[PDB]
Amino acid sequence: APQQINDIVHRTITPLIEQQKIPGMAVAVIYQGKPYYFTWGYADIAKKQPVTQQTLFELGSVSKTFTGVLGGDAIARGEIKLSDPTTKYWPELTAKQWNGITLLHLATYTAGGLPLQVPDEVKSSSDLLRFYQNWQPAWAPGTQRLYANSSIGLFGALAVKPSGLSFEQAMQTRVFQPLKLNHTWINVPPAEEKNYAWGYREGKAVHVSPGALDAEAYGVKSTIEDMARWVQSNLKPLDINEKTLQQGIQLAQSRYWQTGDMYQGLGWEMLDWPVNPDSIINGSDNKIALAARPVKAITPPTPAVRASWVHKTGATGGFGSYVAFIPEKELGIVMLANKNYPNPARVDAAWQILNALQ
Ligand SMILES: *[B]([O])([O])[C][N]S(=O)(=O)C1=[C][C]=C(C2=NN=N[N]2)[C]=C1Cl
Ligand SMILES: O=S(=O)(NCB(O)O)c1ccc(-c2nnn[nH]2)cc1Cl
């Protein structure tokens, strides 16, 4: 715990916690590749349980980075290609709007206006087929980006079809286990419930609700130690012994589309480093992050650029997560909190910390 790391982390996060009234928080800084952990406050206010390095938080949409890497791994295995039509893996998707919509489009929110959320009324598998068959794109494929669980969530579900594994089985055996993420879960097992923090929304203790494509879009729970290891793995994929997983990580950080100063990967989003902090801080606000934006194709995609700010925000009703890292500098951060507090505050704090250490 080098004093410089201690000081910048505490001087940044303490006021953040006060300003945002965050009940509990865990932070990991990866510095020169090694992790340093910090915790504050409560995983469960009522039961007076502190946040520890073993507390599980809901990652919300940081889960999309696992989905993107799992899909990358499936590509590397030759099970799927991003150029494949969606209908190759879901032949029942016969409606004509699907002609020309590829796995790439699903993975990268560019299918033409798939919505942020699958409707809550979608309860059954037949309900889900009906939803996608009936959905009408606003835009031609590959022209506009609209951040969407219904897009990358469907990508994740289809990416694992050739394996014959469930999404959860595939994620466990192909991503979590090889990376030794032994406290990372799509479904929190009873054995780990003592460590599962409550989220807090309007003062009420809450956990994520079941929904269609939840696992694939926002359903992972993890500890600060596993998330630090996730950052390490994404910083230095060549250290990964499993070849297709190493390659999948590289594929998820490739740059497929550009909008403004941001590049869309598979789950991960990237900017060139050094970044303008106003560009990423303001860019993280949901006023921007969730907007419909024209995209420019990167033809062909640019392989993972080491001088990148690579990051992802995540939320559920009760939790707010953020991960960012810079491969060139072997530097990264994870911020896990059990309140869904504004994205710009997350990015500002992460940038203040990483810039001071870089
Ligand atoms: B990701 O950007 O974190 C997804 N964001 S979201 O707006 O689609 C979303 C989906 C589902 C939930 C949820 N909370 N509790 N049950 N479901 C929250 C959010 Cl924030
Ligand atoms: O041209 S690509 O951008 N295509 C991306 B893909 O098919 O999802 C590409 C990028 C990186 C790599 C790679 N493999 N191992 N190391 N880099 C391969 C491709 Cl095809």
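Residues numbered from 1 in each chain as written, not as in the entry; some residues may be left out. Chains lettered and ligands numbered in written order. Heavy atoms only, no water. Residues with missing side-chain atoms left out of burial classes, pairs and counts.

This paragraph deals with the site of ligand 2. Looking at ligand 2, the residues that line it are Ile75, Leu82, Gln247, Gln250, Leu251, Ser254, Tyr256 and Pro301. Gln247 places a side-chain nitrogen or oxygen 2.9 Å from a nitrogen atom of ligand 2. Across the complex, the protein chains shield 62% of the 470 Å² of accessible surface that ligand 2 would expose by itself. Here the shell around ligand 2 gets 3 residues from one element, more than from any other, and that element is helix α9 (residues 243-252). (Near = heavy atom within 4 Å. Polar contact = N/O pair within 3.5 Å; in protein donor to acceptor, adjacent residues only side chain to side chain. Areas by Shrake-Rupley, 256 points an atom, 1.4 Å probe, with all protein chains shown as cover. Helix = DSSP H or I, 4+ residues; strand = E, 2+ residues; numbered from the N terminus.)

Right, let's get into helix α8 (residues 224-235). Relative to the 16 Å expected for 12 residues at 1.5 Å per residue, α8 spans 16 Å between its end C-alpha atoms, a close match to the ideal helical length. Burial runs high along α8: 9 of the 12 residues are buried. Of all the residues in α8, the buried ones are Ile224, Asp226, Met227, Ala228, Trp230, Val231, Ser233, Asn234 and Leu235. (Expected span 1.5 Å × (residues − 1). Buried < 20%, exposed > 50% of the residue type's maximum accessible area, 1.4 Å probe, protein only.)

Here we come to the site of ligand 1. Around ligand 1 there are 14 residues in total, and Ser61, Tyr147, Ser209, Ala315 and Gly317 lie nearest to it. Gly317 is positioned such that a nitrogen or oxygen atom in its backbone is 2.9 Å from a nitrogen atom of ligand 1. Protein coverage of the free-state accessible area of ligand 1, which is 470 Å², stands at 79%.

The feature "active site", as given by UniProt, occupies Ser61 in the numbering adopted here. Note that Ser61 resides in the loop between β4 (57-58) and α2 (63-76). (UniProt positions renumbered as here; feature names shortened; annotations may be inferred.)

With that settled, the discussion passes to the side chain of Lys221. Locating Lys221 in the fold gives a position in strand β9 (residues 221-222). Here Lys221 sits buried without a salt bridge, and the closest side chain of opposite charge, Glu58, lies 6.0 Å off (N-O distance). In this structure, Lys221 is in contact with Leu56, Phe57, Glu58, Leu59, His183, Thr184, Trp185, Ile186, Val188, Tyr196 and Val208, ignoring residues within four places of it in sequence. (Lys, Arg positive; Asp, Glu negative; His and termini not counted. Salt bridge = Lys/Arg side-chain N within 4 Å of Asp/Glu carboxyl O. Contact = heavy atoms within 4.5 Å.)

For the rest of this paragraph, the subject is the sheet that holds strand β14 (residues 296-302). Pairing between the strands of a sheet is mediated by backbone hydrogen bonds and can be parallel or antiparallel. Taken in spatial order, the 10 strands line up as β3-β2-β1-β17-β16-β15-β12-β11-β10-β14 in an open sheet, and their pairing is antiparallel. For this open sheet the edge positions go to β3 (49-50) and β14, each flanked by a neighbour on one side alone. Looking at chain direction, strand β12 (residues 269-272) and strand β15 (residues 308-316) are connected through 4 bridges and run antiparallel. Looking at β15, one finds that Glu269 is bridged to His311. Sheet strands touched by helix α1 (residues 3-20): β1 (24-31), β2 (34-44) and β17 (331-337). Its angle to β2, the strand with the most contacts, is close to 25 degrees. (Pairing = 2+ DSSP bridges. Axes fitted to C-alpha atoms, helices over the stretch in contact; angles between N-to-C directions.)

The next subject is the UniProt feature "binding site: a beta-lactam" in the chain. Within this structure's numbering, the places UniProt gives as "binding site: a beta-lactam" are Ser61, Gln117, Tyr147, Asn149, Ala315 and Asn340. Not counting residues up to four positions away in its chain, the partners in contact with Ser61 are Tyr147, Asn149, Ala217, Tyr218, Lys312, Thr313, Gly314 and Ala315. Counting through the fold element by element, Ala315 comes out in strand β15. A relative accessible area of 32% means that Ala315 is categorised as partly exposed. Every residue in contact with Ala315, bar those within four places of it in the chain, is listed here: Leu59, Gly60, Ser61, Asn340 and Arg346.

Before going further, it helps to examine unusual backbone geometry. The omega torsion of the bond from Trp273 to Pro274 falls at 5 degrees, within 30 degrees of zero and hence cis. Here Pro274 lies in the loop between β12 and α10 (277-284). In the segment running from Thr299 into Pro300, the intervening peptide bond is cis, with an omega of -5 degrees. The residue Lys21 is not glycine, and still its phi comes out positive at about 50 degrees.

Interhelical geometry of α1 versus helix α12 (residues 343-357) gives an angle of 165 degrees and a closest axis separation of 9 Å. By the angle between their axes, α1 is roughly antiparallel relative to α12. The crossing of α1 and α12 is right-handed. Within the contact between the two elements, α1 uses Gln4, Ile5, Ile8, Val9, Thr12, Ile13, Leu16 and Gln20 and α12 uses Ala345, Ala349, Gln352, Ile353, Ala356 and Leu357. Here the residues of the contact of α1 with α12 are counted per class, giving 10 nonpolar, 4 polar and no charged. (Parallel < 35°, antiparallel > 145°, perpendicular 65-115°, else oblique. Left-handed = near helix turned anticlockwise from the far one by under 90°. Nonpolar A, V, L, I, M, F, W, Y, C, P; charged D, E, K, R; others polar.)

One finds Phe66, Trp98, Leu106 and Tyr132 to be the most contacted residues of the largest nonpolar core, which totals 77 residues. The residues touching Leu106, leaving out its near neighbours within four places in the chain, are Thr86, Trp98, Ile101, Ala111, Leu114, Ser151, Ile152, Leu154, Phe155 and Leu158. By size, the runner-up hydrophobic cluster in this structure holds 36 residues, among which are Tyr31, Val275, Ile333 and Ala337. (Core = buried A, V, L, I, M, F, W, Y, C linked by side-chain atoms within 4.5 Å.)

For the structure shown, the criterion picks out 11 aromatic pairs. Consider the rings of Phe57 and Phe319, whose centres lie 6.2 Å apart with planes at 85 degrees: the pair is edge-to-face. Residue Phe57 is located in strand β4, and its partner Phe319 is located in strand β16 (residues 319-326); the two are separated by 262 residues in the primary sequence. When sorted by exposure, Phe57 lands in the same class as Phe319, which is buried. A centroid spacing of 5.6 Å and a plane angle of 85 degrees characterise the contact between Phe66 and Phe176, whose relative ring orientation is edge-to-face. Here the residue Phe66 occupies a position in helix α2, and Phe176 occupies one in helix α6 (residues 167-176), the gap between them amounting to 110 residues. Taken as a pair, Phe66 and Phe176 share a single burial class, namely buried. In this structure an aromatic cluster arises from ring pairing among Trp90, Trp98, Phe131, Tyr132 and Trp135. The side chain of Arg255 reaches across the aromatic face of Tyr263, ending 4.1 Å from its centre. Taking NZ or CZ as reference, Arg346 lies 5.1 Å from the ring centre of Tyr341, over its face. (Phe/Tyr/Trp six-rings, centres within 6.5 Å; stacked < 30°, edge-to-face > 60°. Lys NZ or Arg CZ within 6 Å of the ring centre and 35° of its normal.)

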